[PDB]
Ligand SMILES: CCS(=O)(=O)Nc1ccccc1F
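One chain comes next, on its own, written as structure tokens: the form deposited without N-(2-fluorophenyl)ethanesulfonamide (VVG).
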């Protein structure tokens, strides 16, 4: 029985290596990684791989791994797929811990923009969780943490993490991670998957996929949201993506809204993540 080596980058930056039968469906590998991580609340997570165009794709757990990675290496990342709107309602602290690790990478990477003060507050909870109570013996006036808190570090930010860290004495790791998440969940880009697109007029926009629906971003002043319940049908055709909207009260007809994606793979990818969000957050 022939086995393929899999490598998975975990959210702590370490690498998990295992073997699966070469005809294995994604669920097989996902189950191995989740067992490694001691993770029971698996529904919020998934594996990503990079396609021949170097685009991130979700590994479909129902489909053969070989038919998704195709010509590429069996190399994956473990990621949050569905960001819970209320992390306090997760059943296990360890689920919240992995969600914190994902959000820390969202922040450092710049995918999740964040004010100075919220960067310092999130950093202070991370430090409290991982090191425990503030110790002056470990930080002089010139302290620069090993912890990565932001896309760009300043001394002022390091100073502010330390000042807030002092305020958290007595806080336990689950308690600090819960505070981290109560702040992070409020950020306007929390759990938003962004896709470059053009509107039916050719104007460059971003489409955001999240718990609360499909968002449009255009020129800042020009924003729109389609809550998932309003969306009856998601479709793609060539380089185009469509949402069918329920008729409004007293309106005769449904409405279809159309967007142009970079290419056909990008339209199919946006379609699949929307359908998945629509189903997940309909049920959650």
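Residue numbers count along the first chain shown, from 1.
Not on display, but discussed next: the form solved in complex with N-(2-fluorophenyl)ethanesulfonamide (VVG).
K.L.:
Following C-alpha superposition of the binding-site region, is the pocket for N-(2-fluorophenyl)ethanesulfonamide (VVG), modelled as it is in the entry with it bound, open or blocked, where blocked requires 3 or more ligand atoms within 2.4 Å of any backbone or C-beta atom?
P.N.:
This form leaves the site blocked.
K.L.:
Flag residue 86 as yes or no: does it have a non-hydrogen atom within 4.5 angstroms of any non-hydrogen atom of N-(2-fluorophenyl)ethanesulfonamide (VVG) in the entry with it bound?
P.N.:
Taking the distances in the entry with it bound, the answer for residue 86 is yes, it comes within 4.5 Å of N-(2-fluorophenyl)ethanesulfonamide (VVG).
K.L.:
I'd like to know if residue 44 sits close to N-(2-fluorophenyl)ethanesulfonamide (VVG) in the entry with it bound, meaning any non-hydrogen atom pair within 4.5 angstroms.
P.N.:
It does: once N-(2-fluorophenyl)ethanesulfonamide (VVG) is placed as it appears in the entry with it bound, residue 44 has a heavy atom within 4.5 Å of it.
K.L.:
If you check in the entry with it bound, is residue 90 within 4.5 Å of N-(2-fluorophenyl)ethanesulfonamide (VVG), heavy atoms only?
P.N.:
Yes, contact at 4.5 Å.
K.L.:
Going by N-(2-fluorophenyl)ethanesulfonamide (VVG) in the entry with it bound, which residues of 247 to 284 come within 4.5 Å of it through any heavy atom?
P.N.:
The stretch 247 to 284, when checked against N-(2-fluorophenyl)ethanesulfonamide (VVG) in the entry with it bound, contributes 280, 281, 283, 284 at the 4.5 Å heavy-atom cut-off.
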